[PDB]
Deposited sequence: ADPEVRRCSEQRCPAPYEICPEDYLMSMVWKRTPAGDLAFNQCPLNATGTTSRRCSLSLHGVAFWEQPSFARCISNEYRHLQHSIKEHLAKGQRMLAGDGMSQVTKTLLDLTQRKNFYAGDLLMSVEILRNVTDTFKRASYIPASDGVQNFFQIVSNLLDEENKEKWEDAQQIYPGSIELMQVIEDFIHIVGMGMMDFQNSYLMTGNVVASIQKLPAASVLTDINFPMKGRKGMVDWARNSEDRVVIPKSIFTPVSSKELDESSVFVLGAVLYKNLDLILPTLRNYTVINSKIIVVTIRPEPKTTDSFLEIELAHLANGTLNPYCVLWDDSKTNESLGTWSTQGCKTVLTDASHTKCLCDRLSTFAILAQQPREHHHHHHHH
């Protein structure tokens, strides 16, 4: 039983936003050369006064991205399908290189990479080495620091960056399947370093360290990093619950700035480290085999850092401290001891 506050008619971004009650959305179309819609929320301030939030472009798609996604079906309608996907990948890379995404283009880009990854899988087609590099460069471009606000916009409607991590893991597994036994490839870009290894069960005799630190062939930012994971050898033992014919694909990923966009799903909580991933297929027994993850802090003045892993069991899942012990090495570094495979990070309260 109170006054009903209304956001005034407004013209931000050359569109008419009609008078709209607090709590409600206004809708509009997208700029020229895009399709979809825009929306804008009217909200109530701490002091009970209506104000407009920023317009969302989460559902605007640039024409070139839409045309790209539609051309994918044309290539499907095995070799044709796979060569097709390689062309789509090349075209996506060129696009992401022009930047000037809409938020909706970030989402569309993930959807394209997802459809490309699923197509490779269904067609039993392994992309060539330059296609692998192109895929990673695309991801690195999507994760440009500049896109941070657009990702936040996109993520009002869909967990695009989580979906992107999943697409990255699936792609890694497709590539690993086509590798030789014992083969190890590093993918390096400005924002992402990935390691992919094919490892026969029982053949791993020492713990595996990622990323390798001793080489100047390694991109600067990662070589510099004090982030790393030690993967225990025992997890590569065959279990009757796997045998001498079993082969694991091990992927490990270090992200330079994925921390800027992954959701924390908690109030006054921030991601306070880079993001590190360890993925193994088929799944081994991991119980009582602890990965040791070392993560430098991003910022000082945080309350109580703690190790989490991504739990896939909506929002495509959540962060959990279940299965991780947090070791507070010093004010600037934390060591996580986790007996589950996943995406790892340090959260902390900012208050």
item: Where the deposited sequence has no C-alpha coordinates (positions from 1, in order); value: 1 to 13, 91 to 93, 258 to 259, 332 to 334, 373 to 382
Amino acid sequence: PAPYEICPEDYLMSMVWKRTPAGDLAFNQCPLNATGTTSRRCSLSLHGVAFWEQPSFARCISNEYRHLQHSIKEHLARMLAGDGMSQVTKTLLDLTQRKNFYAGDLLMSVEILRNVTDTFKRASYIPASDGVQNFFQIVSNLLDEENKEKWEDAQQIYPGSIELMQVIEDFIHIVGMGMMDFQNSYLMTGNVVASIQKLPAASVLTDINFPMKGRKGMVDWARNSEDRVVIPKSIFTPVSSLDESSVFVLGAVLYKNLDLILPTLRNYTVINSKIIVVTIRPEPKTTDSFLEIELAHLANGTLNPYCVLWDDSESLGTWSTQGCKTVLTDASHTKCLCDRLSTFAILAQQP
From here on, numbers count along this sequence of modelled residues.
item	value
Stretch exceeding the other in mean C-alpha B-factor - 86 to 94, 101 to 109	86 to 94
Higher-scoring stretch by recorded Cα B factor average, 289 to 297 or 40 to 48	40 to 48
Deposited CA B-factor, highest of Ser71, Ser273, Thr279, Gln197	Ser71
Among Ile174, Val249, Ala201, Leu265 - the residue whose C-alpha B-factor is largest in the record	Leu265
Third assignment of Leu164 from its chain's C-alpha B-factors	middle
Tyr125 CA temperature factor, ranked by third within the chain	highest
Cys60 by Cα B-factor - lowest, middle or highest third of the modelled chain	middle
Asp227, C-alpha B-factor rank within chain (lowest, middle or highest third)	lowest
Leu205 by Cα B-factor - lowest, middle or highest third of the modelled chain	lowest
